[PDB]
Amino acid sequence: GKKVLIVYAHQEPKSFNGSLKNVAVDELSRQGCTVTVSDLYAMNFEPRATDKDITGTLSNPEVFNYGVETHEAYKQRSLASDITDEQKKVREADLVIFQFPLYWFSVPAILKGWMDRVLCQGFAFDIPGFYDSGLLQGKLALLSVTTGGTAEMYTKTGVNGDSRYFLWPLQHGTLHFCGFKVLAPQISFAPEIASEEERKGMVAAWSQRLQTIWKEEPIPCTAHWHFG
């Protein structure tokens, strides 16, 4: 029995991202997995890190420090409920898939806000208790990303550099920092310019990969893997 959370960041259900999300739901559901989707846009998920995220007395009301106050709020159980709702989904999951279009070599801001607000100290990491000792150890994560740029554009000698370069802040700085083991990314390059057959092939490749996802091992999430 496995539990999967899909954190999904696209505005349009008929989009290529939406199709990739649905085939993940369909395939993991068919396998008998428990599946939950956080559809951030449909949830109107709040991306801003503000003092509204702490619902009780601040430890220092004179000078607001988001990190200090959210860590204390986590321990006291005074974080906003939208944050703890996401934390419950993550805590229960064996695998967290992030499904998103690449925006500025990174995640859409709504998804960046989920990272900023959900992965607070005490929940996702502690100091000490990060990278291999992070608090989400034992869990897997996987980035399923779509791009405008082609695969050739995302090579070492291409104008955008290798695709693994833009994965570093997400895979290493975020997921590995929190103790996740990271499965190899699923990058669906340039669906907007792919042919109809090429798009269907990309959707089928993801569905096929998910059939055997539980047999995969994580990547070595190191500088060498990303930069060689």
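Here the rigid core means the biggest group of C-alpha atoms that line up within 1.5 Å when the two forms are laid on top of each other. For every residue, the number given is its place in the sequence shown, counted from 1.
Query - Greater Cα displacement in 9 other deposited structures of this protein once the core is superposed, comparing 85-93 with 126-134 - result: Of 126-134 and 85-93, the stretch deviating more in 9 other deposited structures of this protein is 126-134.
Requested in this report: Would you tell me which stretch averages the higher CA B-factor in the PDB entry, 164-172 or 58-66?
Outcome: Higher of the two, by average CA B-factor, is 58-66.
Query raised in the report: So 149-157 or 75-83, which one's hotter by mean CA B-factor in the entry?
Result: Going by the record's values, the stretch with the higher mean is 149-157.
Query raised in the report: When the CA B-factors of 47, 32, 201, 179 are compared as recorded in the entry, which is the largest?
Result: Going by the entry's C-alpha B-factors, 201 comes out highest.
Requested in this report: Among the candidates 26, 39, 53, 197, give the one with the maximum CA B-factor reported in the record.
Outcome: 197 has the highest C-alpha B-factor of those listed.
**Report entry** Within-chain third of residue 101 by Cα B-factor, per the entry
**Finding:** It falls in the bottom third of the chain.
**Report entry** residue 135 CA temperature factor, ranked by third within the chain
**Finding:** For residue 135, the deposited C-alpha B-factor lands in the middle third.
Query raised in the report: Taking the C-alpha B-factors as the PDB entry records them, is residue 2 in the lowest, middle or highest third of its chain?
Result: Within its chain, residue 2 is a middle-third residue by C-alpha B-factor, going by the deposited values.
Query - Position of residue 9 among the chain's modelled residues by C-alpha B-factor, lowest, middle or highest third - result: Lowest third, going by the recorded CA B-factors of the chain.
Query raised in the report: Among the chain's modelled residues, which third holds the C-alpha B-factor of residue 92?
Result: Residue 92: CA B-factor falls in the middle third of its chain.
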